[PDB]
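A.B. asks: Contents of input.csv (CSV, C-alpha atoms) are given next:
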```csv
chain,number,residue,atom,x,y,z
A,1,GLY,CA,12.6,4.1,-23.5
A,2,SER,CA,14.7,2.2,-21.0
A,3,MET,CA,16.3,3.3,-17.8
A,4,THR,CA,19.7,2.8,-16.3
A,5,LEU,CA,19.5,0.6,-13.2
A,6,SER,CA,20.9,-2.2,-11.0
A,7,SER,CA,19.0,-5.1,-9.5
A,8,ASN,CA,19.6,-7.7,-7.0
A,9,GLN,CA,17.4,-10.8,-6.7
A,10,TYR,CA,16.8,-12.9,-3.7
A,11,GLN,CA,15.3,-16.4,-3.9
A,12,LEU,CA,12.5,-17.1,-1.5
A,13,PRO,CA,12.3,-20.6,0.0
A,14,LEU,CA,11.0,-23.0,-2.7
A,15,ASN,CA,7.7,-23.6,-0.9
A,16,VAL,CA,7.0,-19.9,-0.3
A,17,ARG,CA,4.5,-18.1,-2.5
A,18,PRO,CA,4.5,-14.3,-2.0
A,19,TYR,CA,1.3,-12.2,-2.2
A,20,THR,CA,2.3,-8.6,-1.1
A,21,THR,CA,5.2,-6.3,-0.5
A,22,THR,CA,5.5,-3.1,1.5
A,23,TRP,CA,8.2,-1.0,3.0
A,24,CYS,CA,7.9,0.3,6.6
A,25,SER,CA,7.9,3.9,5.4
A,26,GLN,CA,5.3,5.1,8.0
A,27,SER,CA,8.0,4.8,10.7
A,28,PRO,CA,11.3,6.8,10.2
A,29,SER,CA,13.5,4.5,12.4
A,30,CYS,CA,12.3,1.4,10.4
A,31,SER,CA,12.1,2.7,6.8
A,32,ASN,CA,14.7,0.2,5.6
A,33,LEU,CA,12.5,-2.7,6.6
A,34,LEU,CA,10.7,-4.6,3.8
A,35,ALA,CA,7.8,-7.0,4.5
A,36,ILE,CA,6.7,-9.8,2.2
A,37,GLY,CA,3.3,-11.4,3.0
A,38,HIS,CA,3.3,-15.0,1.8
A,39,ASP,CA,1.5,-18.3,2.3
A,40,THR,CA,2.5,-19.0,6.0
A,41,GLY,CA,3.2,-15.5,7.2
A,42,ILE,CA,5.2,-12.4,6.8
A,43,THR,CA,8.9,-12.3,6.3
A,44,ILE,CA,10.8,-9.2,7.2
A,45,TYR,CA,14.0,-8.0,5.4
A,46,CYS,CA,16.4,-5.2,6.1
A,47,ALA,CA,17.9,-3.2,3.3
A,48,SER,CA,21.4,-1.8,3.9
A,49,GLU,CA,24.4,-0.6,2.0
A,50,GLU,CA,26.6,-3.3,0.3
A,51,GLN,CA,30.0,-4.3,1.9
A,52,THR,CA,32.0,-5.2,-1.3
A,53,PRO,CA,34.0,-2.1,-2.5
A,54,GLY,CA,32.2,0.0,-5.2
A,55,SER,CA,28.4,-0.5,-4.6
A,56,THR,CA,26.3,2.4,-3.5
A,57,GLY,CA,23.3,0.2,-4.1
A,58,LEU,CA,21.4,-1.6,-1.3
A,59,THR,CA,21.4,-5.2,-0.4
A,60,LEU,CA,18.6,-7.2,1.3
A,61,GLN,CA,19.1,-9.3,4.5
A,62,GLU,CA,16.4,-11.6,5.7
A,63,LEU,CA,15.7,-11.1,9.4
A,64,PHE,CA,12.9,-13.3,10.6
A,65,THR,CA,9.4,-14.6,9.8
A,66,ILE,CA,6.2,-13.8,11.6
A,67,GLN,CA,4.2,-17.1,11.6
A,68,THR,CA,0.5,-16.9,10.9
A,69,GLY,CA,-0.1,-20.3,9.3
A,70,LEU,CA,-2.1,-19.0,6.3
A,71,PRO,CA,-1.7,-16.5,3.4
A,72,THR,CA,-1.3,-12.9,4.1
A,73,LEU,CA,-2.8,-10.9,1.2
A,74,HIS,CA,-2.5,-7.2,2.1
A,75,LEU,CA,-0.3,-5.6,4.6
A,76,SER,CA,0.3,-2.1,6.0
A,77,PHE,CA,2.9,-1.0,8.6
A,78,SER,CA,1.9,1.6,11.2
A,79,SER,CA,3.9,4.7,12.4
A,80,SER,CA,4.4,3.0,15.8
A,81,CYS,CA,7.1,0.5,14.6
A,82,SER,CA,10.4,1.0,16.4
A,83,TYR,CA,13.8,-0.5,16.8
A,84,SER,CA,16.0,-0.7,19.8
A,85,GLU,CA,19.5,-2.2,20.4
A,86,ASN,CA,19.9,-4.0,23.7
A,87,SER,CA,19.9,-8.6,21.4
A,88,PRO,CA,18.3,-6.1,19.0
A,89,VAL,CA,14.5,-6.0,19.0
A,90,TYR,CA,12.1,-4.7,16.3
A,91,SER,CA,8.7,-3.8,17.8
A,92,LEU,CA,6.3,-4.0,14.9
A,93,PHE,CA,2.7,-3.0,14.5
A,94,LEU,CA,1.2,-4.4,11.3
A,95,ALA,CA,-2.3,-4.3,9.9
A,96,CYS,CA,-3.1,-7.1,7.5
A,97,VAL,CA,-5.6,-9.3,5.7
A,98,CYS,CA,-5.4,-13.1,5.9
A,99,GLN,CA,-6.8,-15.9,3.7
A,100,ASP,CA,-9.6,-16.4,6.2
A,101,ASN,CA,-11.0,-12.9,5.4
A,102,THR,CA,-9.9,-11.5,8.7
A,103,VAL,CA,-8.6,-8.0,9.2
A,104,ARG,CA,-5.8,-8.0,11.9
A,105,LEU,CA,-3.5,-5.9,14.0
A,106,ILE,CA,-0.4,-7.9,14.7
A,107,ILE,CA,2.0,-6.6,17.4
A,108,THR,CA,5.4,-8.2,17.6
A,109,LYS,CA,8.8,-8.5,19.2
A,110,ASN,CA,10.9,-9.6,16.2
A,111,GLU,CA,9.1,-12.7,15.0
A,112,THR,CA,7.0,-13.2,18.1
A,113,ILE,CA,3.4,-12.1,18.0
A,114,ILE,CA,3.0,-10.7,21.5
A,115,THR,CA,-0.5,-9.4,20.8
A,116,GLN,CA,-2.9,-9.9,17.9
A,117,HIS,CA,-6.4,-8.5,17.4
A,118,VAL,CA,-8.5,-10.3,14.9
A,119,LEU,CA,-11.7,-9.0,13.2
A,120,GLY,CA,-13.7,-11.8,11.7
A,121,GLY,CA,-16.9,-13.9,12.2
A,122,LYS,CA,-20.0,-11.7,12.1
A,123,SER,CA,-18.3,-8.4,13.0
A,124,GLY,CA,-15.9,-8.4,10.0
A,125,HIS,CA,-16.3,-8.6,6.3
A,126,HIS,CA,-18.7,-11.2,4.8
A,127,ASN,CA,-16.7,-11.7,1.6
A,128,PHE,CA,-13.2,-11.1,0.2
A,129,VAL,CA,-11.3,-8.2,1.7
A,130,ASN,CA,-9.5,-6.2,-1.1
A,131,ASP,CA,-7.4,-3.7,0.8
A,132,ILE,CA,-6.5,-2.3,4.3
A,133,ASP,CA,-4.8,0.7,5.8
A,134,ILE,CA,-3.9,1.9,9.3
A,135,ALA,CA,-3.5,5.3,10.9
A,136,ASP,CA,-2.2,6.5,14.3
A,137,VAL,CA,-4.4,9.2,15.9
A,138,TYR,CA,-2.9,11.6,18.4
A,139,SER,CA,-5.2,13.9,20.5
A,140,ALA,CA,-4.5,17.4,21.9
A,141,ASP,CA,-2.5,15.5,24.6
A,142,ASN,CA,0.1,14.4,22.0
A,143,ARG,CA,0.0,10.8,23.1
A,144,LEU,CA,-1.3,7.9,21.0
A,145,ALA,CA,-5.0,8.1,21.4
A,146,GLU,CA,-6.1,5.5,18.8
A,147,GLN,CA,-4.9,3.1,16.1
A,148,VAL,CA,-7.5,3.0,13.3
A,149,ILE,CA,-7.8,0.3,10.7
A,150,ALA,CA,-9.8,0.8,7.6
A,151,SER,CA,-10.7,-2.1,5.3
A,152,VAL,CA,-12.9,-2.6,2.2
A,153,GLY,CA,-14.3,-5.8,0.6
A,154,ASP,CA,-16.6,-7.5,-1.9
A,155,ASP,CA,-19.4,-7.3,0.6
A,156,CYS,CA,-19.6,-3.6,-0.5
A,157,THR,CA,-18.7,-2.2,2.9
A,158,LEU,CA,-16.1,0.0,4.4
A,159,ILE,CA,-15.1,-1.0,8.0
A,160,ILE,CA,-13.6,1.4,10.4
A,161,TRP,CA,-12.0,-0.3,13.4
A,162,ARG,CA,-10.7,1.9,16.1
A,163,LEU,CA,-8.6,0.6,19.0
A,164,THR,CA,-9.0,3.2,21.7
A,165,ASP,CA,-8.1,4.1,25.3
A,166,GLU,CA,-11.7,2.9,25.8
A,167,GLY,CA,-11.3,-0.3,23.8
A,168,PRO,CA,-12.6,-1.2,20.3
A,169,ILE,CA,-15.0,0.9,18.4
A,170,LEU,CA,-16.5,-0.8,15.2
A,171,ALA,CA,-18.4,0.9,12.4
A,172,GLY,CA,-19.5,-0.2,8.9
A,173,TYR,CA,-20.4,2.0,6.0
A,174,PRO,CA,-22.2,0.9,2.8
A,175,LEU,CA,-20.6,1.2,-0.7
A,176,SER,CA,-22.4,1.0,-4.0
A,177,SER,CA,-20.1,-1.7,-5.4
A,178,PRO,CA,-17.2,-3.7,-4.1
A,179,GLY,CA,-14.5,-1.7,-2.2
A,180,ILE,CA,-11.2,-2.2,-4.0
A,181,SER,CA,-8.9,0.3,-2.3
A,182,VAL,CA,-8.6,2.4,0.9
A,183,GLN,CA,-6.0,4.9,2.1
A,184,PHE,CA,-5.8,7.4,4.9
A,185,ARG,CA,-5.0,10.9,3.8
A,186,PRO,CA,-1.3,11.8,4.3
A,187,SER,CA,-1.1,14.4,7.2
A,188,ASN,CA,-4.8,13.9,8.0
A,189,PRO,CA,-5.7,10.6,9.6
A,190,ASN,CA,-9.3,11.9,10.0
A,191,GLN,CA,-9.9,11.4,6.3
A,192,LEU,CA,-9.6,8.6,3.9
A,193,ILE,CA,-10.3,7.7,0.2
A,194,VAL,CA,-12.1,4.6,-1.0
A,195,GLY,CA,-12.1,3.3,-4.5
A,196,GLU,CA,-15.1,1.2,-5.6
A,197,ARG,CA,-15.0,-1.3,-8.5
A,198,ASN,CA,-17.6,0.8,-10.5
A,199,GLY,CA,-15.5,3.9,-10.6
A,200,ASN,CA,-16.9,5.7,-7.5
A,201,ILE,CA,-14.3,7.4,-5.4
A,202,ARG,CA,-15.4,8.2,-1.8
A,203,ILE,CA,-13.7,10.8,0.3
A,204,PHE,CA,-14.6,10.4,3.9
A,205,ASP,CA,-14.0,12.1,7.2
A,206,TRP,CA,-14.7,9.2,9.7
A,207,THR,CA,-14.6,11.4,12.8
A,208,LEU,CA,-17.7,13.6,12.0
A,209,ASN,CA,-21.2,12.7,13.3
A,210,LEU,CA,-25.3,5.3,10.6
A,211,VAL,CA,-26.4,6.7,7.3
A,212,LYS,CA,-26.6,5.7,3.6
A,213,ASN,CA,-24.6,8.9,2.5
A,214,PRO,CA,-21.7,9.5,5.0
A,215,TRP,CA,-19.3,10.8,2.4
A,216,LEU,CA,-17.9,14.3,2.0
A,217,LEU,CA,-17.4,13.9,-1.7
A,218,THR,CA,-17.7,11.3,-4.4
A,219,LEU,CA,-15.7,11.5,-7.6
A,220,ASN,CA,-16.3,9.1,-10.4
A,221,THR,CA,-14.1,7.7,-13.2
A,222,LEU,CA,-17.0,6.2,-15.2
A,223,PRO,CA,-18.1,9.3,-17.3
A,224,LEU,CA,-14.5,10.3,-17.9
A,225,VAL,CA,-13.4,6.9,-19.3
A,226,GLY,CA,-13.0,-8.3,-12.4
A,227,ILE,CA,-11.5,-6.6,-15.4
A,228,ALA,CA,-13.6,-3.8,-17.1
A,229,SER,CA,-13.8,0.0,-17.7
A,230,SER,CA,-12.8,0.5,-14.1
A,231,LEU,CA,-11.2,0.5,-11.4
A,232,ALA,CA,-7.8,-0.9,-10.0
A,233,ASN,CA,-7.1,1.6,-7.2
A,234,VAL,CA,-7.1,5.2,-6.1
A,235,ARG,CA,-4.4,6.9,-4.1
A,236,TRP,CA,-3.7,10.2,-2.4
A,237,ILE,CA,-0.7,12.1,-3.8
A,238,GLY,CA,1.6,14.7,-2.2
A,239,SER,CA,2.8,15.0,1.4
A,240,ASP,CA,-0.5,16.7,2.3
A,241,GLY,CA,-2.8,14.7,0.1
A,242,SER,CA,-3.2,17.6,-2.2
A,243,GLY,CA,-4.0,15.3,-5.1
A,244,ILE,CA,-5.8,12.1,-6.1
A,245,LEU,CA,-4.7,9.5,-8.6
A,246,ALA,CA,-7.1,6.9,-9.9
A,247,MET,CA,-6.1,3.9,-12.1
A,248,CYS,CA,-8.5,1.7,-14.0
A,249,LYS,CA,-7.7,-2.0,-14.8
A,250,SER,CA,-7.5,-1.0,-18.5
A,251,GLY,CA,-4.6,1.4,-17.6
A,252,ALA,CA,-6.6,4.5,-18.0
A,253,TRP,CA,-5.6,6.9,-15.2
A,254,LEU,CA,-6.9,10.2,-13.8
A,255,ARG,CA,-5.4,12.9,-11.6
A,256,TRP,CA,-7.2,15.6,-9.7
A,257,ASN,CA,-5.6,18.5,-7.8
A,258,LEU,CA,-7.2,20.0,-4.7
A,259,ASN,CA,-14.2,22.7,-15.4
A,260,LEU,CA,-15.2,19.9,-12.9
A,261,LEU,CA,-13.2,17.4,-14.9
A,262,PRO,CA,-9.8,16.0,-13.7
A,263,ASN,CA,-6.8,18.2,-14.2
A,264,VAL,CA,-5.2,15.5,-16.4
A,265,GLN,CA,-5.8,12.0,-17.9
A,266,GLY,CA,-4.0,9.4,-19.8
A,267,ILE,CA,-3.7,5.7,-20.5
A,268,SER,CA,-0.8,3.4,-19.6
A,269,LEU,CA,0.8,1.2,-22.3
A,270,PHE,CA,-0.5,-1.8,-20.4
A,271,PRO,CA,-3.5,-2.9,-18.4
A,272,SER,CA,-3.0,-2.3,-14.7
A,273,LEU,CA,-4.3,-5.2,-12.6
A,274,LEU,CA,-2.7,-3.9,-9.4
A,275,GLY,CA,-3.3,-0.2,-10.0
A,276,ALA,CA,-0.9,2.7,-9.7
A,277,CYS,CA,2.0,3.1,-7.3
A,278,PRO,CA,2.7,6.8,-6.7
A,279,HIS,CA,6.3,8.0,-6.3
A,280,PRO,CA,7.0,8.8,-2.7
A,281,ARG,CA,8.8,12.1,-3.3
A,282,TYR,CA,7.9,13.4,-6.8
A,283,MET,CA,4.1,13.7,-7.1
A,284,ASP,CA,4.2,13.8,-10.9
A,285,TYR,CA,5.5,10.2,-11.1
A,286,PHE,CA,3.9,6.9,-10.6
A,287,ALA,CA,4.7,3.3,-11.6
A,288,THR,CA,2.3,0.8,-13.1
A,289,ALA,CA,2.8,-2.8,-14.0
A,290,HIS,CA,1.8,-5.2,-16.7
A,291,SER,CA,1.7,-7.8,-14.0
A,292,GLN,CA,1.2,-10.9,-16.0
A,293,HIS,CA,4.1,-10.1,-18.4
A,294,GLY,CA,6.5,-8.6,-15.9
A,295,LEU,CA,6.7,-5.0,-17.1
A,296,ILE,CA,6.7,-1.8,-15.1
A,297,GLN,CA,6.0,1.5,-16.8
A,298,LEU,CA,7.1,4.8,-15.1
A,299,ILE,CA,4.7,7.6,-16.0
A,300,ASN,CA,5.0,11.3,-15.5
A,301,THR,CA,1.5,12.8,-15.4
A,302,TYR,CA,2.6,16.1,-17.0
A,303,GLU,CA,4.8,14.7,-19.8
A,304,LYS,CA,3.0,12.5,-22.4
A,305,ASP,CA,4.9,10.4,-25.0
A,306,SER,CA,7.4,9.6,-22.2
A,307,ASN,CA,7.0,5.9,-22.8
A,308,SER,CA,9.5,4.9,-20.0
A,309,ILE,CA,9.7,1.2,-19.2
A,310,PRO,CA,12.4,0.7,-16.6
A,311,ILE,CA,11.5,-3.0,-15.8
A,312,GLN,CA,11.0,-6.1,-18.0
A,313,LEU,CA,11.4,-9.5,-16.2
A,314,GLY,CA,10.0,-12.1,-18.6
A,315,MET,CA,7.9,-13.5,-15.7
A,316,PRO,CA,4.9,-12.3,-13.7
A,317,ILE,CA,5.1,-9.6,-11.1
A,318,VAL,CA,3.1,-10.3,-7.9
A,319,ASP,CA,3.5,-6.9,-6.3
A,320,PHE,CA,5.9,-4.0,-6.1
A,321,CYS,CA,6.5,-0.8,-3.9
A,322,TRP,CA,8.8,2.2,-3.8
A,323,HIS,CA,11.3,2.6,-1.0
A,324,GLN,CA,10.9,6.0,0.7
A,325,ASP,CA,14.2,7.2,-0.8
A,326,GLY,CA,12.4,7.1,-4.2
A,327,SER,CA,15.3,5.4,-6.0
A,328,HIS,CA,14.7,1.7,-5.1
A,329,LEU,CA,11.8,-0.5,-6.0
A,330,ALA,CA,11.0,-3.8,-4.3
A,331,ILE,CA,9.4,-6.2,-6.7
A,332,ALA,CA,8.0,-9.7,-5.8
A,333,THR,CA,7.8,-12.4,-8.5
A,334,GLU,CA,6.3,-15.8,-7.9
A,335,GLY,CA,9.6,-17.2,-6.4
A,336,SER,CA,11.7,-14.2,-5.7
A,337,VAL,CA,12.1,-10.6,-4.5
A,338,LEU,CA,14.1,-8.0,-6.4
A,339,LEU,CA,15.6,-4.8,-5.2
A,340,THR,CA,16.0,-2.4,-8.1
A,341,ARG,CA,17.7,1.0,-8.1
A,342,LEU,CA,16.7,3.5,-10.8
A,343,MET,CA,19.8,5.6,-11.4
A,344,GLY,CA,17.9,8.6,-12.7
A,345,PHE,CA,16.3,9.1,-9.3
A,346,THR,CA,19.7,9.1,-7.6
A,347,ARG,CA,20.2,10.6,-5.1
```
Can you present the structure in this file as structure tokens?
C.D. replies:
Amino acid sequence: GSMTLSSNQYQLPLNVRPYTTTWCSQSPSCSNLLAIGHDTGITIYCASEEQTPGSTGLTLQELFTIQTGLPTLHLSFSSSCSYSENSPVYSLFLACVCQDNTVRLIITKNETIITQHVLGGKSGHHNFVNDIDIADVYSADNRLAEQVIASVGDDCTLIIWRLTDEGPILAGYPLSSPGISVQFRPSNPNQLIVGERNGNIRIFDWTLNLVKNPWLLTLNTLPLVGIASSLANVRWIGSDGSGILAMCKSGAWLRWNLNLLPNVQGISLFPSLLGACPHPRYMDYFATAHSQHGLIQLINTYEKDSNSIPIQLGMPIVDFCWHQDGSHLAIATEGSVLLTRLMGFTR
């Protein structure tokens, strides 16, 4: 089944290859900002309402480009991003992964990198970094105590990198196979979830008091089901992280709510190289792409036979993400970015 929608497409400069897309949802004032990581940096767009009469849909305006000089492969905005008028200035805080296998915190005034912290050499990952996330930690004082960056790689380690009122604190934790996803728990920056290539799913409170088994809980997709039987990503679902959604590269997906099996399982119409993209408002929904062919399936976890395919492009999809409003998707192709509004989520 198809879906009613409208899409605008914006050409990227002919020499610009995109790698990653993310909305600045973590910060309320900046939630209309879209970042595209590409081969020489990060380009920031602002989504706003169209000016020509009779268009409730959003348009995209390119703002500026943060120069890095090399590919940016993964990217996450922090909750400290802010905007102020009076010459308007965006103050951005971005965690990212670059082609040199560094994990970074990039702090900006519009395009200008005022401060940059770079984790590389011997302190950082010793192989490809596959994913990154960032969380802001506030103490009993209610001020910003720490910014915490988590990253996982093919060196089979999880790195926790805290930038404190004391300076940096670095910690590495061993995994049983390459770390392919990491995400802090919504509403609980003390906890995170790690997906491993082999199907292991680590839940971790990094603040408790290194060992071989620091996890609170390890789930596992392997008995319930590079491209194989597992695993593309795993994500928290719900405002409080009351659920977990895991997606294998085959398209097999699993959901747990928080006899010892998952609450529900299924399989996407297509393989899922990038993994699942959970809906930001309706926890029963997630999107998954056939990235090489340019298809996106929208799956409702409690309604099987709902073969909903809102998107077919006839060209590969590089990455995609939901806008916080839950109606728009941003989709990067090899030479463009699309802004797509699904009318059924309207709103």
A.B. asks: Mind pulling up the distance from CA of residue 239 (chain A) to CA of residue 75 (chain A)?
C.D. replies: 21.1 Å
A.B. asks: Would you mind reading off the distance between CA of residue 325 (chain A) and CA of residue 9 (chain A), one decimal, in Å?
C.D. replies: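 If I compute the distance from CA of residue 325 (chain A) to CA of residue 9 (chain A), I get 19.2 Å.
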A.B. asks: Rounded to one decimal in Å, what is the spacing between CA of residue 182 (chain A) and CA of residue 279 (chain A)?
C.D. replies: 17.5 Å
A.B. asks: Using only C-alpha atoms, determine which residues lie at most 10 Å from residue 25 (chain A), disregarding the query and same-chain residues fewer than 3 positions distant; provide the list as a list in words.
C.D. replies: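 Near neighbours after the sequence-gap exclusion: residues 22, 28, 29, 30, 31, 32, 33, 34, 76, 77, 78, 79, 81, 280, 322, 323, 324 and 325 of chain A.
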A.B. asks: Could you write out that same residue set with C-alpha atoms as an mmCIF file, in the frame of the given file?
C.D. replies:
```cif
data_model
loop_
_atom_site.group_PDB
_atom_site.id
_atom_site.type_symbol
_atom_site.label_atom_id
_atom_site.label_comp_id
_atom_site.auth_asym_id
_atom_site.auth_seq_id
_atom_site.Cartn_x
_atom_site.Cartn_y
_atom_site.Cartn_z
ATOM 1 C CA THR A 22 5.500 -3.100 1.500
ATOM 2 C CA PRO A 28 11.300 6.800 10.200
ATOM 3 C CA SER A 29 13.500 4.500 12.400
ATOM 4 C CA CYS A 30 12.300 1.400 10.400
ATOM 5 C CA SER A 31 12.100 2.700 6.800
ATOM 6 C CA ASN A 32 14.700 0.200 5.600
ATOM 7 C CA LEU A 33 12.500 -2.700 6.600
ATOM 8 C CA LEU A 34 10.700 -4.600 3.800
ATOM 9 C CA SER A 76 0.300 -2.100 6.000
ATOM 10 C CA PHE A 77 2.900 -1.000 8.600
ATOM 11 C CA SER A 78 1.900 1.600 11.200
ATOM 12 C CA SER A 79 3.900 4.700 12.400
ATOM 13 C CA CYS A 81 7.100 0.500 14.600
ATOM 14 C CA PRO A 280 7.000 8.800 -2.700
ATOM 15 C CA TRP A 322 8.800 2.200 -3.800
ATOM 16 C CA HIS A 323 11.300 2.600 -1.000
ATOM 17 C CA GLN A 324 10.900 6.000 0.700
ATOM 18 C CA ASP A 325 14.200 7.200 -0.800
#
```
A.B. asks: Pick the closest to residue 12 (chain A) from A:60, A:144, A:149, A:47: which is it, counting all atoms listed in the file?
C.D. replies: A:60
A.B. asks: Write out as a short mmCIF file (atom, residue, chain, number, x, y, z; two decimals) with C-alpha atoms, in the frame of the given file the residues lying within 9 Å of region 165-174 of chain A, counting all atoms listed in the file and excluding same-chain residues fewer than 2 positions away.
C.D. replies:
```
data_model
loop_
_atom_site.label_atom_id
_atom_site.label_comp_id
_atom_site.auth_asym_id
_atom_site.auth_seq_id
_atom_site.Cartn_x
_atom_site.Cartn_y
_atom_site.Cartn_z
CA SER A 123 -18.30 -8.40 13.00
CA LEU A 144 -1.30 7.90 21.00
CA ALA A 145 -5.00 8.10 21.40
CA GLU A 146 -6.10 5.50 18.80
CA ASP A 155 -19.40 -7.30 0.60
CA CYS A 156 -19.60 -3.60 -0.50
CA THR A 157 -18.70 -2.20 2.90
CA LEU A 158 -16.10 0.00 4.40
CA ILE A 159 -15.10 -1.00 8.00
CA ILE A 160 -13.60 1.40 10.40
CA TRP A 161 -12.00 -0.30 13.40
CA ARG A 162 -10.70 1.90 16.10
CA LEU A 163 -8.60 0.60 19.00
CA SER A 176 -22.40 1.00 -4.00
CA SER A 177 -20.10 -1.70 -5.40
CA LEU A 210 -25.30 5.30 10.60
CA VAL A 211 -26.40 6.70 7.30
CA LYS A 212 -26.60 5.70 3.60
CA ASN A 213 -24.60 8.90 2.50
CA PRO A 214 -21.70 9.50 5.00
#
```
